[PDB]
Structures are given as structure tokens and as C-alpha cells.
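*Asks:* I am attaching a structure below and will ask some questions about it afterwards.
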Amino acid sequence: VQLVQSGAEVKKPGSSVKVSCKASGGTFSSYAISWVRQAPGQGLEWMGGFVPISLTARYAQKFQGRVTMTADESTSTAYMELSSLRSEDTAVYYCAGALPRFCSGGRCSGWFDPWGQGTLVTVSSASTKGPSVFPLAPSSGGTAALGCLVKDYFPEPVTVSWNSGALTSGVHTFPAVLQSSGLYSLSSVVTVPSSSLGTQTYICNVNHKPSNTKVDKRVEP
Amino acid sequence: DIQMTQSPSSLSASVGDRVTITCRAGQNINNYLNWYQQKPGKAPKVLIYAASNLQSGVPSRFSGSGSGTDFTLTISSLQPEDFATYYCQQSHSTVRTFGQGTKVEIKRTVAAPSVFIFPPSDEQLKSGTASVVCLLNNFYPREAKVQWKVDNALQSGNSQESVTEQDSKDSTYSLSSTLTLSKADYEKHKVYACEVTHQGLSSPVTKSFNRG
């Protein structure tokens, strides 16, 4: 049983965002999904869940009057809407299944088992900018290093794969750092034997979904 | 809201050594305490639910203990793949509350970095700005100093650094130092060098290149 969440988005301060979470495995009630947020490198905050005897929503005090949770049972997806956005609300928002166990009097004391991959909501007034991808070309032992440089983008979520997922060993994609221009920049490197330069073509795959920008920039000597 | 005070905020130990994490609750939460592990980048996975019961699939070294308010997550011999952040959470009250979280690091033997330098690509140069990258691959411990020298002129305030999370299998770090100059500043000097200092190196190594 799996839960798949919507994509990363950018909302301007004062607007509202609606995240989706779909149960795509065994039989799963969307009314059993709860929501937990994780501000950047800052631990978890519970937002709300559904009380199973009345199927009415209960929200943490921090979000009451700003959060609305809903659940469509045939669609088997659950929604979380967060309004009046401020900068503190920049976070990764997780949906988690709260299947009932250790119940008493219509209330259950179970855990969160299946977690979604989490959607990253960035609030800001800055415009979405696409990345420019540049090659880091090679030139001890017999090992050599190559890489791609993903530069000058916003917001943060950027994914990098090598050889369209083929290359998995020895790859290091570094955390993106915020430049003085307010745009992000990161590097993705991987080490390879020197033998395979020319006799193997290395291509990195950068995806910056907020700007709808996929790029494959071939790295060679 | 039930205060959940977790300790310590961070810890580090050798592979094989025993670690414990603490979670004390405001008032009696009976047995309804759960432990989650979040490896860097992924969502938290349930690890131990209802204080003591281990969720199958998780190794035997992990273990839960407690009742009432004082709870302890013990892992018996910590492995490299246990680098993660661990959270306690109570399921007694309707308003679920979490612990502060505990980052777990692994201490290992020293390992010298492999160092690579990368000049700016011809296409980036065509757009006014030029960045030079130095790479420190698979080194432990984290502490390392990289210095940039343009024509032996030691730079400052024009570089930034990224460092990866601890590797889940070899427990090393990797570091990227990106030196950004204006294209004009780049074409006025010829020699570019990256000097890295570390505990695994008898004396500093510098990787360098000339522009041609």
C-alpha cells in the first residue's frame, strides 16, 4: 500500500495551497490519512487528523482557522488546504496513514505507517527561474571524476540523475546552496574509471519541475 | 498539548557501540509511544510502535522500552545504515505531539580525501559569469579546509561550500567548494589552484590548472 503526493509548488505570501495524497495499493480509506509538516531541518509538526467515530477533522491549534482537510473515498485521495500563507509555512508537507489500532470509545491510539514522499511548499514573492546546466569535465590510481553544475534556479527542488538512471554508484549530488543573487546552485559529481572515457558516454539528467525544465547536458573531455 | 522532551539532540558513536535515546512525556501516555527513523531525504519510517513492539523488517538491534512517561529507544550495535534522525511521538491524546528529534552520526577511522579541480565550461563563460569547482571525495572526518589561490593570490569571500550527508555504507563525507569570479576577473589571471588540508594527509595537496 502506497501514498503518492502532489508536486512541489510556489505560493506567494497570503495565498492558499492544496496538497493531494492518493492511496494506490491495497484497500485504504482516505479519511484515515493525517498530515505532518517538517519545516527545513527542524523536526515534525502534526497538523490534523480525522476522528473515526464522527469523521470530523481535528487540527492542531497552530493551524486552526487556516487548515482544511478533506477526503474523497472513491477517488481514494486525501487533500490538505493551507491558507493565508506566511514565510514560516515554507516546509515539506507529509501525508501519513493513521490506521486504527488500540482503539477505545471510538478513538484510536495507533501510529503513522505509510508516509507519502512529501511535497515541498515554498512561499516567496520571487519568480520561478529555470536552471542552467554546465559540464564539469575530467582531466590518482585509475579513477577520474566528472560532473554537472546546476546554476541560477529558484525554487529549491531539483533532481539529478546520471545516464537516465543507469549510473547509481559513486555519484554525489550536493545540497544546493543559496548564492548572493538569491538563486540556488548545486553540483552533481560521480567518480569513474579512467578506462571508460570515450568508451562510455556520461549524461546527467536535471529536472527542475517548478519551471518545467528537463535538460540533458553531455559531459566529456 | 503533551510536552515530549527528547534527549539528546545529537549523538555520535563507533560502529558496534551501544546508543540510547530518551523521551519523557508531560503526563501519563500509558504505552502509546512510537519511534520513527528518517534517513536524509526520505520520509520517516515507523520503527517501533506502542513503546516496545518492533515493526517487522527493522533489525533486532533496535529495541523499545518504557511505560507511563519515561521511554527509551535502544539500538544494540549501531551500523552505518543507521545514520538518520529519530523521533518519538505519543498517540495517547488526540493532538499528537513529537519529540525534538535526535541526529545519529557514525565515527570511523580517518580516510584521506581524493581531490579534483574543475575549470569553468566554455558555455558558462559565454554568459558573463564563471565558477571553478573543487571536489573532496569520500573523506572522514568532516573537518577540512580548502583554500583558493588565483595567481597565488589567496582568495576570500568569493567561495561557498556544500557537504553531503554521511554516506550510509562507508560513513564518509564529500565536499564541493565553488569559486565564482566575474568573467573579466577570470580572463586576467592564468593559474588557478585549490589547496585542501585534512587529517588524512601528511601535508596539504593542491590541484591546479592553467587556463590553456
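Residues in the C-alpha cells are named by chain (A, B, ... in the order shown) and by number from 1 within that chain; ligands are numbered from 1 in the order shown.
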May I have the residues of chain B within 6 Å of chain A, counting only C-alpha atoms, written as a count of residues only?
*Replies:* 6
*Asks:* Set the distance at 6 Å and use only C-alpha atoms: which residues neighbour residue 162 of chain A once local chain neighbours fewer than 2 positions away are removed? I'd like the list as a PyMOL selection string.
*Replies:* chain A and resi 164-165+167+203-205
*Asks:* Just the selected residues (N, CA, C and O atoms), exported as a CSV table (one decimal), in the first residue's frame, please.
*Replies:*
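Final file, result.csv:
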```csv
chain,number,residue,atom,x,y,z
A,164,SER,N,20.4,8.5,-17.4
A,164,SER,CA,19.0,8.2,-17.3
A,164,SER,C,18.7,7.1,-16.3
A,164,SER,O,17.9,6.2,-16.5
A,165,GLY,N,19.3,7.2,-15.1
A,165,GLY,CA,19.1,6.3,-14.0
A,165,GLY,C,20.1,5.1,-14.0
A,165,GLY,O,20.1,4.4,-13.0
A,167,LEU,N,23.5,5.0,-14.0
A,167,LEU,CA,24.7,5.2,-13.1
A,167,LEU,C,24.2,5.5,-11.7
A,167,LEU,O,23.5,6.5,-11.5
A,203,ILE,N,25.9,11.2,-19.3
A,203,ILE,CA,24.9,12.2,-19.5
A,203,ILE,C,24.1,12.4,-18.2
A,203,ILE,O,23.5,11.4,-17.7
A,204,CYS,N,24.0,13.6,-17.7
A,204,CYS,CA,23.3,13.9,-16.5
A,204,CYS,C,21.9,14.4,-16.9
A,204,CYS,O,21.7,15.1,-17.9
A,205,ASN,N,20.9,14.2,-16.0
A,205,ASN,CA,19.5,14.5,-16.3
A,205,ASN,C,19.0,15.4,-15.1
A,205,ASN,O,18.7,14.9,-14.0
```
*Asks:* Under the rule that only C-alpha atoms are counted, which of A:55, A:5, A:159, A:148 is the nearest residue to residue 121 of chain B?
*Replies:* A:148
*Asks:* Atom CA of residue 66 of chain B to atom CA of residue 9 of chain B: how many Å, to one decimal?
*Replies:* 19.5 Å
*Asks:* Mind checking DSSP for segment 59-187 of chain B and telling me the helix (DSSP H, G or I) residues as a tab-separated table (two decimals) with N, CA, C and O atoms, in the first residue's frame?
*Replies:*
```tsv
chain	number	residue	atom	x	y	z
B	80	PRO	N	26.44	1.55	9.95
B	80	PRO	CA	26.47	2.75	9.09
B	80	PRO	C	25.12	3.13	8.52
B	80	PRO	O	24.82	4.33	8.38
B	81	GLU	N	24.27	2.16	8.20
B	81	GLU	CA	22.95	2.47	7.66
B	81	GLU	C	21.99	2.98	8.72
B	81	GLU	O	20.80	3.14	8.43
B	82	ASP	N	22.45	3.23	9.94
B	82	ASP	CA	21.60	3.81	10.97
B	82	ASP	C	21.76	5.32	11.07
B	82	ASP	O	21.09	5.95	11.89
B	122	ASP	N	33.07	26.12	-21.28
B	122	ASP	CA	33.11	27.14	-22.32
B	122	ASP	C	31.76	27.84	-22.48
B	122	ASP	O	31.72	29.01	-22.87
B	123	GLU	N	30.66	27.15	-22.17
B	123	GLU	CA	29.34	27.73	-22.36
B	123	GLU	C	28.97	28.67	-21.21
B	123	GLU	O	28.33	29.70	-21.44
B	124	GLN	N	29.35	28.33	-19.98
B	124	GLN	CA	29.10	29.24	-18.86
B	124	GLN	C	29.86	30.54	-19.04
B	124	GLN	O	29.36	31.62	-18.70
B	125	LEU	N	31.08	30.46	-19.58
B	125	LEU	CA	31.88	31.65	-19.83
B	125	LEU	C	31.18	32.60	-20.79
B	125	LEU	O	31.40	33.82	-20.73
B	183	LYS	N	33.65	37.03	-15.25
B	183	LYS	CA	34.39	36.55	-16.42
B	183	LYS	C	35.63	37.39	-16.67
B	183	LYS	O	36.69	36.85	-17.01
B	184	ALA	N	35.52	38.71	-16.50
B	184	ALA	CA	36.67	39.58	-16.70
B	184	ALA	C	37.79	39.26	-15.71
B	184	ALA	O	38.96	39.18	-16.08
B	185	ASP	N	37.43	39.09	-14.43
B	185	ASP	CA	38.42	38.70	-13.43
B	185	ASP	C	39.06	37.36	-13.77
B	185	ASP	O	40.23	37.13	-13.46
B	186	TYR	N	38.30	36.47	-14.42
B	186	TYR	CA	38.81	35.15	-14.75
B	186	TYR	C	39.85	35.21	-15.86
B	186	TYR	O	40.88	34.53	-15.80
B	187	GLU	N	39.60	36.01	-16.90
B	187	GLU	CA	40.49	36.07	-18.05
B	187	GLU	C	41.74	36.91	-17.81
B	187	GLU	O	42.60	36.97	-18.69
```
*Asks:* Tell me which protein, DNA and RNA residues are within 12 Å of residue 9 of chain A, counting only C-alpha atoms, leaving out same-chain ones fewer than 5 positions away, and put them as an NGL selection string.
*Replies:* :A and (16-19 or 90-93 or 118-124 or 127-128 or 154-157 or 208-212)
*Asks:* For those residues, write N, CA and C atoms to a file as a PDB file, in the first residue's frame.
*Replies:*
```
ATOM      1  N   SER A  16      -3.167  30.520  -0.838  1.00  0.00           N
ATOM      2  CA  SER A  16      -3.502  29.227  -0.262  1.00  0.00           C
ATOM      3  C   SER A  16      -2.991  28.122  -1.172  1.00  0.00           C
ATOM      4  N   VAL A  17      -2.689  26.973  -0.573  1.00  0.00           N
ATOM      5  CA  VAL A  17      -2.142  25.826  -1.288  1.00  0.00           C
ATOM      6  C   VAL A  17      -2.924  24.582  -0.886  1.00  0.00           C
ATOM      7  N   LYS A  18      -3.167  23.699  -1.854  1.00  0.00           N
ATOM      8  CA  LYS A  18      -3.945  22.481  -1.640  1.00  0.00           C
ATOM      9  C   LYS A  18      -3.129  21.285  -2.114  1.00  0.00           C
ATOM     10  N   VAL A  19      -2.647  20.481  -1.166  1.00  0.00           N
ATOM     11  CA  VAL A  19      -1.826  19.311  -1.449  1.00  0.00           C
ATOM     12  C   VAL A  19      -2.714  18.075  -1.503  1.00  0.00           C
ATOM     13  N   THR A  90       6.876  27.759   4.827  1.00  0.00           N
ATOM     14  CA  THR A  90       7.763  27.033   3.926  1.00  0.00           C
ATOM     15  C   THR A  90       8.246  25.760   4.606  1.00  0.00           C
ATOM     16  N   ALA A  91       7.854  24.611   4.060  1.00  0.00           N
ATOM     17  CA  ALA A  91       8.125  23.333   4.707  1.00  0.00           C
ATOM     18  C   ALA A  91       7.845  22.208   3.721  1.00  0.00           C
ATOM     19  N   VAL A  92       8.240  21.000   4.115  1.00  0.00           N
ATOM     20  CA  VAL A  92       7.844  19.774   3.434  1.00  0.00           C
ATOM     21  C   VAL A  92       6.629  19.211   4.157  1.00  0.00           C
ATOM     22  N   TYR A  93       5.551  18.979   3.416  1.00  0.00           N
ATOM     23  CA  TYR A  93       4.281  18.554   3.990  1.00  0.00           C
ATOM     24  C   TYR A  93       4.055  17.083   3.672  1.00  0.00           C
ATOM     25  N   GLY A 118       6.152  13.345   0.402  1.00  0.00           N
ATOM     26  CA  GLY A 118       6.206  14.721   0.852  1.00  0.00           C
ATOM     27  C   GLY A 118       6.323  15.728  -0.272  1.00  0.00           C
ATOM     28  N   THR A 119       5.493  16.767  -0.239  1.00  0.00           N
ATOM     29  CA  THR A 119       5.588  17.877  -1.175  1.00  0.00           C
ATOM     30  C   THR A 119       6.215  19.074  -0.478  1.00  0.00           C
ATOM     31  N   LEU A 120       7.088  19.774  -1.196  1.00  0.00           N
ATOM     32  CA  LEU A 120       7.775  20.947  -0.670  1.00  0.00           C
ATOM     33  C   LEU A 120       7.055  22.201  -1.147  1.00  0.00           C
ATOM     34  N   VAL A 121       6.520  22.968  -0.202  1.00  0.00           N
ATOM     35  CA  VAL A 121       5.845  24.229  -0.487  1.00  0.00           C
ATOM     36  C   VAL A 121       6.774  25.361  -0.078  1.00  0.00           C
ATOM     37  N   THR A 122       7.186  26.166  -1.051  1.00  0.00           N
ATOM     38  CA  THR A 122       7.979  27.361  -0.808  1.00  0.00           C
ATOM     39  C   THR A 122       7.088  28.579  -0.986  1.00  0.00           C
ATOM     40  N   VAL A 123       7.050  29.444   0.021  1.00  0.00           N
ATOM     41  CA  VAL A 123       6.347  30.713  -0.093  1.00  0.00           C
ATOM     42  C   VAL A 123       7.378  31.821  -0.255  1.00  0.00           C
ATOM     43  N   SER A 124       7.121  32.718  -1.202  1.00  0.00           N
ATOM     44  CA  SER A 124       8.031  33.789  -1.577  1.00  0.00           C
ATOM     45  C   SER A 124       7.347  34.625  -2.646  1.00  0.00           C
ATOM     46  N   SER A 127      10.233  35.174  -8.494  1.00  0.00           N
ATOM     47  CA  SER A 127       9.724  34.431  -9.635  1.00  0.00           C
ATOM     48  C   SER A 127      10.467  33.111  -9.801  1.00  0.00           C
ATOM     49  N   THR A 128       9.780  32.141 -10.396  1.00  0.00           N
ATOM     50  CA  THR A 128      10.385  30.847 -10.681  1.00  0.00           C
ATOM     51  C   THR A 128      11.393  30.991 -11.815  1.00  0.00           C
ATOM     52  N   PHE A 154      15.409  28.733  -9.028  1.00  0.00           N
ATOM     53  CA  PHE A 154      14.523  29.013  -7.906  1.00  0.00           C
ATOM     54  C   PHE A 154      13.126  28.522  -8.269  1.00  0.00           C
ATOM     55  N   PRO A 155      12.420  27.824  -7.365  1.00  0.00           N
ATOM     56  CA  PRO A 155      12.844  27.437  -6.016  1.00  0.00           C
ATOM     57  C   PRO A 155      13.739  26.202  -5.972  1.00  0.00           C
ATOM     58  N   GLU A 156      13.855  25.622  -4.782  1.00  0.00           N
ATOM     59  CA  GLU A 156      14.910  24.664  -4.484  1.00  0.00           C
ATOM     60  C   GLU A 156      14.787  23.314  -5.191  1.00  0.00           C
ATOM     61  N   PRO A 157      13.626  22.611  -5.144  1.00  0.00           N
ATOM     62  CA  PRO A 157      13.625  21.201  -5.575  1.00  0.00           C
ATOM     63  C   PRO A 157      14.167  20.986  -6.981  1.00  0.00           C
ATOM     64  N   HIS A 208      14.020  20.408 -13.016  1.00  0.00           N
ATOM     65  CA  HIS A 208      13.540  21.459 -12.123  1.00  0.00           C
ATOM     66  C   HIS A 208      12.053  21.630 -12.425  1.00  0.00           C
ATOM     67  N   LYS A 209      11.230  20.845 -11.733  1.00  0.00           N
ATOM     68  CA  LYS A 209       9.808  20.780 -12.061  1.00  0.00           C
ATOM     69  C   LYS A 209       9.063  22.102 -11.894  1.00  0.00           C
ATOM     70  N   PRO A 210       9.313  22.926 -10.865  1.00  0.00           N
ATOM     71  CA  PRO A 210       8.581  24.204 -10.770  1.00  0.00           C
ATOM     72  C   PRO A 210       8.670  25.075 -12.014  1.00  0.00           C
ATOM     73  N   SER A 211       9.763  25.003 -12.771  1.00  0.00           N
ATOM     74  CA  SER A 211       9.890  25.751 -14.014  1.00  0.00           C
ATOM     75  C   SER A 211       9.681  24.887 -15.251  1.00  0.00           C
ATOM     76  N   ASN A 212       9.332  23.612 -15.077  1.00  0.00           N
ATOM     77  CA  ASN A 212       9.104  22.680 -16.182  1.00  0.00           C
ATOM     78  C   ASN A 212      10.316  22.641 -17.114  1.00  0.00           C
TER      79      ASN A 212
END
```
*Asks:* Counting only C-alpha atoms, which of B:5, B:55, B:174, B:199 gets nearest to residue 98 of chain B?
*Replies:* B:5
*Asks:* With a distance cut-off of 8 Å and only C-alpha atoms, select the neighbouring residues of residue 61 of chain B, excluding the residue or stretch itself and same-chain residues fewer than 5 positions from it, and output the selection as a VMD selection string.
*Replies:* chain B and resid 74 to 78
*Asks:* Export, as an mmCIF file, in the first residue's frame, the selected residues with C-alpha atoms.
*Replies:*
```cif
data_model
loop_
_atom_site.group_PDB
_atom_site.id
_atom_site.type_symbol
_atom_site.label_atom_id
_atom_site.label_comp_id
_atom_site.auth_asym_id
_atom_site.auth_seq_id
_atom_site.Cartn_x
_atom_site.Cartn_y
_atom_site.Cartn_z
ATOM 1 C CA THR B 74 17.871 1.438 22.499
ATOM 2 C CA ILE B 75 19.810 0.202 19.477
ATOM 3 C CA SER B 76 22.244 -2.509 20.428
ATOM 4 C CA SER B 77 25.107 -2.219 17.910
ATOM 5 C CA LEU B 78 24.888 0.757 15.586
#
```
*Asks:* Write out as an mmCIF file with C-alpha atoms, in the first residue's frame all residues of chain B that backbone DSSP assigns to strand (DSSP E).
*Replies:*
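Output file result.cif is given in full below:
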```
data_model
loop_
_atom_site.group_PDB
_atom_site.id
_atom_site.type_symbol
_atom_site.label_atom_id
_atom_site.label_comp_id
_atom_site.auth_asym_id
_atom_site.auth_seq_id
_atom_site.Cartn_x
_atom_site.Cartn_y
_atom_site.Cartn_z
ATOM 1 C CA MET B 4 7.602 15.410 24.695
ATOM 2 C CA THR B 5 11.185 16.158 25.734
ATOM 3 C CA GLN B 6 13.648 14.035 23.749
ATOM 4 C CA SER B 7 17.366 13.744 24.508
ATOM 5 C CA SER B 10 22.511 14.717 18.645
ATOM 6 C CA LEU B 11 24.909 11.853 19.255
ATOM 7 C CA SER B 12 27.739 10.005 17.547
ATOM 8 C CA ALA B 13 29.281 6.600 18.195
ATOM 9 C CA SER B 14 31.502 3.948 16.664
ATOM 10 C CA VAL B 19 23.376 4.054 21.899
ATOM 11 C CA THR B 20 20.221 5.092 23.750
ATOM 12 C CA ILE B 21 17.698 7.883 23.178
ATOM 13 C CA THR B 22 15.338 9.300 25.799
ATOM 14 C CA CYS B 23 11.729 10.528 25.601
ATOM 15 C CA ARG B 24 9.927 11.772 28.731
ATOM 16 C CA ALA B 25 6.294 12.882 28.495
ATOM 17 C CA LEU B 33 4.566 5.958 22.232
ATOM 18 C CA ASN B 34 6.053 5.401 18.774
ATOM 19 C CA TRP B 35 9.541 5.784 17.301
ATOM 20 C CA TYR B 36 10.263 6.954 13.755
ATOM 21 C CA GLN B 37 13.514 6.929 11.784
ATOM 22 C CA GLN B 38 14.090 9.461 8.999
ATOM 23 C CA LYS B 45 9.567 5.178 8.550
ATOM 24 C CA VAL B 46 7.866 3.718 11.597
ATOM 25 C CA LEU B 47 10.439 1.791 13.596
ATOM 26 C CA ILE B 48 8.878 0.856 16.932
ATOM 27 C CA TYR B 49 5.224 1.321 17.851
ATOM 28 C CA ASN B 53 6.870 -3.695 19.875
ATOM 29 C CA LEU B 54 9.261 -3.706 16.924
ATOM 30 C CA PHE B 62 16.615 -1.735 17.680
ATOM 31 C CA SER B 63 14.506 -2.051 20.823
ATOM 32 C CA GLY B 64 11.899 -0.102 22.755
ATOM 33 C CA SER B 65 11.338 0.293 26.482
ATOM 34 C CA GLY B 66 9.118 2.267 28.827
ATOM 35 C CA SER B 67 5.662 2.850 30.256
ATOM 36 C CA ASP B 70 9.799 7.762 30.621
ATOM 37 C CA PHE B 71 10.671 5.890 27.417
ATOM 38 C CA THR B 72 13.961 4.770 25.883
ATOM 39 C CA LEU B 73 14.811 3.694 22.343
ATOM 40 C CA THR B 74 17.871 1.438 22.499
ATOM 41 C CA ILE B 75 19.810 0.202 19.477
ATOM 42 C CA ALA B 84 19.334 9.116 10.417
ATOM 43 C CA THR B 85 17.213 11.283 12.690
ATOM 44 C CA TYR B 86 14.976 9.509 15.200
ATOM 45 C CA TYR B 87 11.707 10.912 16.559
ATOM 46 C CA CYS B 88 9.429 9.880 19.402
ATOM 47 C CA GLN B 89 5.704 10.569 19.241
ATOM 48 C CA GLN B 90 2.802 9.961 21.612
ATOM 49 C CA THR B 97 2.995 15.540 19.589
ATOM 50 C CA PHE B 98 6.527 14.659 18.505
ATOM 51 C CA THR B 102 17.898 13.008 17.556
ATOM 52 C CA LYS B 103 20.526 13.091 14.821
ATOM 53 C CA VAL B 104 22.747 9.999 14.888
ATOM 54 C CA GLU B 105 26.256 10.169 13.423
ATOM 55 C CA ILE B 106 28.879 7.451 12.963
ATOM 56 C CA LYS B 107 32.532 7.848 13.962
ATOM 57 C CA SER B 114 40.586 12.445 -3.182
ATOM 58 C CA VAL B 115 40.785 15.947 -4.631
ATOM 59 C CA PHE B 116 39.692 17.160 -8.069
ATOM 60 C CA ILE B 117 39.529 20.632 -9.609
ATOM 61 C CA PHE B 118 37.217 21.687 -12.439
ATOM 62 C CA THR B 129 29.969 34.630 -15.032
ATOM 63 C CA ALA B 130 32.486 31.852 -14.396
ATOM 64 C CA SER B 131 32.713 29.394 -11.494
ATOM 65 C CA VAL B 132 35.521 26.998 -10.540
ATOM 66 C CA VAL B 133 34.754 23.832 -8.567
ATOM 67 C CA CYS B 134 36.958 21.794 -6.226
ATOM 68 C CA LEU B 135 35.827 18.365 -5.029
ATOM 69 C CA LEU B 136 36.858 16.448 -1.893
ATOM 70 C CA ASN B 137 35.597 12.887 -2.339
ATOM 71 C CA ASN B 138 34.930 10.295 0.379
ATOM 72 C CA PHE B 139 36.834 11.609 3.383
ATOM 73 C CA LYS B 145 39.983 23.469 4.911
ATOM 74 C CA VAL B 146 40.057 24.372 1.218
ATOM 75 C CA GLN B 147 41.865 27.493 0.015
ATOM 76 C CA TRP B 148 41.630 29.087 -3.415
ATOM 77 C CA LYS B 149 44.601 30.852 -4.987
ATOM 78 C CA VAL B 150 44.388 32.864 -8.209
ATOM 79 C CA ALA B 153 46.719 35.396 -4.600
ATOM 80 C CA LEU B 154 44.773 33.789 -1.756
ATOM 81 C CA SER B 159 33.603 30.855 -2.497
ATOM 82 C CA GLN B 160 30.898 28.700 -0.932
ATOM 83 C CA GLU B 161 30.835 25.080 0.188
ATOM 84 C CA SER B 162 28.389 22.188 0.155
ATOM 85 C CA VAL B 163 28.895 18.936 2.057
ATOM 86 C CA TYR B 173 31.756 12.857 3.656
ATOM 87 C CA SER B 174 32.225 14.624 0.335
ATOM 88 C CA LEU B 175 32.648 18.355 -0.173
ATOM 89 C CA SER B 176 32.346 20.796 -3.078
ATOM 90 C CA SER B 177 33.922 24.258 -2.978
ATOM 91 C CA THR B 178 32.671 26.522 -5.774
ATOM 92 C CA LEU B 179 34.725 29.642 -6.531
ATOM 93 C CA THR B 180 32.803 32.229 -8.569
ATOM 94 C CA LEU B 181 34.520 35.112 -10.364
ATOM 95 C CA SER B 182 33.395 37.636 -12.922
ATOM 96 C CA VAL B 191 46.862 29.905 -12.733
ATOM 97 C CA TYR B 192 44.026 28.545 -10.572
ATOM 98 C CA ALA B 193 44.712 26.276 -7.600
ATOM 99 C CA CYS B 194 42.748 24.539 -4.841
ATOM 100 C CA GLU B 195 44.609 23.758 -1.601
ATOM 101 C CA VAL B 196 42.977 21.264 0.781
ATOM 102 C CA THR B 197 44.114 20.376 4.310
ATOM 103 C CA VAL B 205 47.795 18.758 -1.532
ATOM 104 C CA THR B 206 46.922 21.303 -4.222
ATOM 105 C CA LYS B 207 45.176 20.562 -7.508
ATOM 106 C CA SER B 208 45.592 23.274 -10.115
ATOM 107 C CA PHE B 209 45.379 24.202 -13.782
ATOM 108 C CA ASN B 210 46.371 26.932 -16.192
#
```
